[PDB]
Structures are given as C-alpha cells and as structure tokens.
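# Next one to model:
(chains A and B)
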Amino acid sequence: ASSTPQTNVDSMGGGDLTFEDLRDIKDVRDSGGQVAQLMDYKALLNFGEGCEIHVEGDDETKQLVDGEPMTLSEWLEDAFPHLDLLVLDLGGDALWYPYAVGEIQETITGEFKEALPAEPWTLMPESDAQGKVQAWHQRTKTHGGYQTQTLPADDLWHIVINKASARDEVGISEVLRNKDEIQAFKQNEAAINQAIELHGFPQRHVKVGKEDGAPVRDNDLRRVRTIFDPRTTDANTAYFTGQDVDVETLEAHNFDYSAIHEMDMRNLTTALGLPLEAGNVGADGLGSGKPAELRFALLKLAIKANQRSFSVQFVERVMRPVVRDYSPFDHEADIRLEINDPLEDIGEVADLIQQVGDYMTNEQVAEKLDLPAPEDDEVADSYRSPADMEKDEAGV
Amino acid sequence: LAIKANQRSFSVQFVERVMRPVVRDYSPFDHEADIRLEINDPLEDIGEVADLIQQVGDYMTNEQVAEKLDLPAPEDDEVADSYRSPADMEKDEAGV
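Numbering: from 1, shown residues only, chains lettered A, B, ... in the order given. Okay, here it is:
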C-alpha cells in the first residue's frame, strides 16, 4: 500500500466554525438553567465517577527514580494525582465544545510538572486538504479589548468525543448539533412564563352602567377603581351596589402547560440522547419490565463507547508523549486506563461474588470489587477465598 | 436476531477483506488461518449467566465457565479443561 494518505478530506481554505460559535457555546454554559444542567448531567454520567491509572505487567517496569525503585504507574500517579478532576473537565469540555485542549507544562528545573487544560472557546484549529490540524489559533479579551495569536500543533494536545468520520480531528459539539431544539426549548419556556401570567391567574372585570343606559367616562371609572382596588381589597371584603354595577371574572382560561413542558423535555432530552428521567419527567408503561432494561442498556452503551473513546486519546496524545519526553520509563507499556461506570451496582457485584466466586481468581474478585489484590502471589492467583486459606492455616 | 445477523455480516467482511490482507502483506503468520472476529450482545445480563453457571456448571468446563463469564481460563490446561471448580481443586489439594 502506502506510507502516506491517498484519499482527500473534503475541506480547505476555511469557513467551518468560528470563535463566535464557540463563544455562543460558552454563553449557553454560563447562562445556567435547565439547558446547562442537562449538558452537565451528560458530562457527569460519562466522566464524573472517576478513573484509575492501571498499567499492564507493571512489575516489569521496576527502576530506580531517586535512589529507590518505582513502577510506571507510581510515576504516572506523581504526574497525574488529581486525574478524576481533569477527566471530568476535559470530558465535559469535549461534550460542550467540539473538543477539549491543553498545554504540557514544566517545573522551574525544567522536568515535567503537569498537563494543563486551556479555555476551549478561545482556540480554533487550522487544517489542510489532507485533513490534519497544523496550527491552533487563539483570540482572547483583555482590558475590554482583544489579543490574537497562533501556536503550532506540537506542544498543545486535544481530545474529540463526537465525530463526522473516523478521520475527523475537528469534531462535533452537541450544543451546535441540536441548536434549533435548544432555541425551541428556550422559546417555549419564554412562552409558558408569560402565558401563566396572562391566563393561569383569574382577573377581575368591573362593568359600570346599565345596558343601553347612560354613558360612563374615565373620570368616573377612576372613582370606581378607587373602591374595588385589588391593592386594598382583602379576603373577606364585601360589596354593596345599585343594580347597574356588575363585577365579573376573566377565569383562569386553562391550557395544558404540563403536557407542553413534558413535550419540550421529551424533545430536548432525546435530542441530547439523555433519558427523559434525567429531565425530571416520567411516563406510564415505561417504568416497568423490559422497557426499563432497554433504556438503561442504551445509556450504558453510550457511556462505555464515550469512555473508551476518551481513554485512547488521553493515553496516546497526553500520557505516552509525557513518558517518552520526560521519564526514565518506557512509554510503549499499555496503560489500561479505565473510567468508572455509574450504572454498575455493588449489590450485583456482591451477588456475583457469592454466585460464581468458585470460578474467579482472588485478583479477579478484587478488580470487580474495586480493591487491591492480596499481597502474596499464590493467594491472589488462586480461586478459593483468602479467608478459606486463613481458616485452614489457623486450623493447622 | 437483527443485531447478531448484522454483527456476523460485518465480522465476515472485516476478516475476509481487511484482516486477511493485513496478515498476507505485513505478517510472518499464515493469512489463510482460522481467524474469528466476534462482536458482543448489547442485551446480555451477567446475572442470567451467573444463575446458569450455578445451575449447569457441573456439565461445563472451567474454560467454558470463564468464557461465558467473560474472563481468562485457568493457566493450567487440565484445570481449564476439567469440569469441577478450580476452588474445589484447591481445597481438595490443601486437604489431601
């Protein structure tokens, strides 16, 4: 075949998105409310449960670091101690915006310090007909004015969750993907708000004069208004009149704002791929049996796919480069980087450990139970319980 | 049924038109070998399998139990190929 690509990648010469679009996304984030909360729930379901820096066969990496042996996973824990927060920030950003992006940062001595995320709305990529980002272009406010700069696709690193193709380096924002639905939701909210004000509350109508009788003028109504004033009326007020004065009510002219609001929530949640339950709205029939199994399966599938899509890019464009350029350890070891699943149940794990423990190693049990394995190799590698080994030894 | 049909339809084409060429042109191994590609059932429940392992484990090998449980088989061939539990082998050996 070939050592360089031969198919073209469908764009050159610029627009297909801008700092203005990116700042619109930022405005959707900082303006708050239910719309922002839903996208943050989407981030939390994918990335909020935390991570672990597992490494394959790491006892083979054992090397002196500062007069004492360490492993690559220990070195990576020194490099990335707060990784749960970085995963949530990057994961959230890569759902909100088309991508998440950051720098590599160094100590005063010049050795590696951290990988540092940048404000994603401030940066846009620049690319060729071969489909690759060659530079990152930044625009930012200072003193009420603006500054502009360009940086190489070298010391910066970036991650994309959602894509137009396997080749895609620019990615898809779900905020841009569902823009019309988001506007429609906000508009329907604005409609309901005032519709309740105008139609949800009854309003009082005083009619003065007899039908086909004498006319009544504004300077007369001003005096009548001074009597029946809702500002000074009270719960047990009573009225006394001649026959030619009437009080009437414009009733609460009822409309099903609940059904509309539920339709809004249906539209927005399903557009975002969320369950309607995450919008704090329910449904009949769906709350029972195999329909529940399917909805939660579909959410698990989405989460697992997103998580694995993230782990790969973080390992391959953040962790491995850092190890390669700044570490005594070999970068080509497999980081088994996992992100936790919030739809996994410890109760199910407990039942599983009772049901099939006789066919899982103690280390396999420890992995599933989310704990360190036994400190003695044969105790970890064996299938029967460490408590079973201990009771036999105490019997001896 | 639709999922399994689609999955097997994909697997065969990926093996025959992607994997076998990749072996042929870049590998020291035989490209006409018995390659298998499987794609997972999205509606599988571990609890269903765990119940089954308790109900019929007496008639399944330790490798078949591990494969159904989505885990590695034992590191010793007769421990993997036999039907009685590895924990049962360990407790008996420790006793004897």
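
# Spell out which parts of chain A neighbour chain B.
Residues of chain A that fall close to chain B, judged by CB under 8 Å from any CB of the partner chain: A:1, A:293-294, A:297, A:301, A:348, A:351-352, A:355-360, A:364, A:381-384, A:388-389, A:392. Any C-beta I mention is one placed from the backbone N, CA and C, and that applies to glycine too.

# Return the members of these classed as buried.
A:297, A:352, A:355-360, A:364, A:382-384, A:389 (16 or more other CB atoms under 10 Å in any protein chain shown).

# just the helices in the stretch 151-300 of chain A please.
Residue ranges of the helices in the stretch 151-300 of chain A, as given by DSSP state H, counting those that start in this stretch, are A:174-177, A:179-195, A:218-225, A:257-271, A:290-314.

# Can you tell me which helices and strands the third one packs against?
Helix A:218-225 makes packing contacts with strand A:203-208 when contacts are defined by 3 or more CB pairs under 8 Å, 6 or more residues apart in numbering or on different chains; DSSP states H and E.

# Touching the strand it packs on from outside, list them.
Residues outside strand A:203-208 that contact it (CB atoms under 8 Å, 6 or more residues apart in numbering or on different chains) are A:216, A:220-221, A:224-225, A:228, A:230, A:244-250.

# For ChimeraX, what selects the buried ones among those residues?
Selecting the buried subset of these in ChimeraX, with 16+ other CB under 10 Å as the burial test, is done by:
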select /A:245
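
# which one among the contacts of strand A:203-208 gets closest to chain B?
Set against chain B, the nearest of these by CB to the nearest CB is residue A:250 (54.9 Å).

# if I pick the closest one, what's in contact with it?
Residue A:250 is in contact with A:202-205, counting by CB under 8 Å, 6+ apart.

# From residue A:272, how far out is it?
Taking CB to CB, to the nearest Å as the measure, residue A:250 falls 39 Å from residue A:272.

# Enumerate every residue touching residue A:153.
Neighbour list for residue A:153: A:125, A:132-136 [criterion: CB under 8 Å, 6+ apart].

# same deal with residue A:72?
Contacts here follow CB under 8 Å, 6+ apart; on that basis residue A:72 touches A:55, A:58, A:61, A:323, A:327, A:329-330, A:333.

# Residue A:271 now?
A:178, A:181.

# Can you tell me how far residue A:316 is from residue B:83?
Distance from residue A:316 to residue B:83, by CB to CB: 43 Å.

# again with residue A:39
To residue B:83, residue A:39 is 52 Å away according to CB to CB.

# what's the answer for residue A:305, then?
Residue A:305 sits 37 Å away from residue B:83, taking CB to CB as the criterion.

# Strands of the stretch 1-150 of chain A, residue ranges please.
In the stretch 1-150 of chain A, the strands defined using DSSP state E, counting those that start in this stretch lie at A:51-52, A:63-64, A:69-70, A:100-106, A:112-117, A:123-127, A:133-142, A:145-152.

# surely residue A:352 meets residue A:368?
Yes. If you go by CB atoms under 8 Å, residue A:352 and residue A:368 touch, sitting 7.0 Å apart.

# about what we covered before: neighbour-wise, which of the contacts of residue A:250 leads?
Of all the contacts of residue A:250, residue A:203 has the most neighbours under the rule other CB atoms under 10 Å in any protein chain shown, reaching 13 neighbours.

# so it bridges to which residues?
Residue A:203 has these beta-bridge partners by DSSP bridges: residue A:250.

# Around residue A:45, how many other residues sit close by?
Look at residue A:45: counted by other CB under 10 Å, it has 19 neighbours.

# Next: the one 10 residues further on.
The burial count assigned to residue A:55 is 21, neighbours taken as other CB under 10 Å.

# can you check residue A:258 too?
For residue A:258, the count of nearby residues is 10 (other CB under 10 Å).

# Give me the distance between it and chain B.
Per CB to the nearest CB, to the nearest Å, residue A:258 is found 34 Å from chain B.

# how about the nearest residue to the residue nearest the centre of chain A, chain neighbours excluded?
For chain A, residue A:43 is the residue whose C-alpha lies nearest the centre (CA atoms, centre = their mean; 1.7 Å). In this structure, residue A:43 finds its nearest non-sequential neighbour in residue A:92, 3.7 Å apart by CB to CB, 6 or more residues apart in numbering or on different chains.
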